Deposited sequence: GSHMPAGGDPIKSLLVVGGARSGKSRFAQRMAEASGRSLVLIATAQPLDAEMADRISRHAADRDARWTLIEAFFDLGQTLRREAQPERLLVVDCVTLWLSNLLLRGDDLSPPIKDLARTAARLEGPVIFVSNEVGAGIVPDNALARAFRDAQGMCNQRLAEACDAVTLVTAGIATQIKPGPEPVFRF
């Protein structure tokens, strides 16, 4: 079994629904950690203090689903925070949490460079954030048009030149 899963994909790719289905199959006590501004599911708000909330609510009998990382970074960005320390803190939290967690996050770097400095800083922070999370998490799935593809665990390619 795994401690941590990162689910990454485009906007409106069905990643939430995928994270939901993996969580329900765990037959553990299910918490939605909601970041945006049935009865087996407890909803907990975490608009800004995501790491603090995760450390508060995590326990071995619970599975927390963060829905979602991108709207948490949007909250921090608009509040004026430096996104780097909280991203780095979140990666430490994901590596050593006292209960299982699924993180839902968006790919935002696969379009044209934004014509707006905040959009660029956001694109960079979200890209760094997914790299840190993927490295810290036991498993990573890409979700494309509702279909999940595992990309960790799995060996990295090695090429000879």
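Positions of the deposited sequence absent from the coordinates, in order: 1 to 9, 47 to 63.
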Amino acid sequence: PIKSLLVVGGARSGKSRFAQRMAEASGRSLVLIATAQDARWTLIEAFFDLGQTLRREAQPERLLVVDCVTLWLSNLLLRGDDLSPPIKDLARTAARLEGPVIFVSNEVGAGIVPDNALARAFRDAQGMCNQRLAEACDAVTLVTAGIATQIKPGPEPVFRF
From here on, numbers count along this sequence of modelled residues.
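The PDB entry reports B-factors from which the mean C-alpha value can be compared for 91 to 99 and 64 to 72; the larger average falls on 91 to 99. For the pair 131 to 139 and 55 to 63, the mean Cα B-factor is higher in 55 to 63.
Highest CA B-factor among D49, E107, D38, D124, as stated in the entry: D38.
The residue among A23, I151, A11, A145 whose C-alpha carries the highest B-factor in the deposited model is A23. When all modelled residues of the chain are sorted by CA temperature factor, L118 is found within the highest third.
Ranked within its chain, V31 lands in the middle third, by CA B factor from the PDB record.
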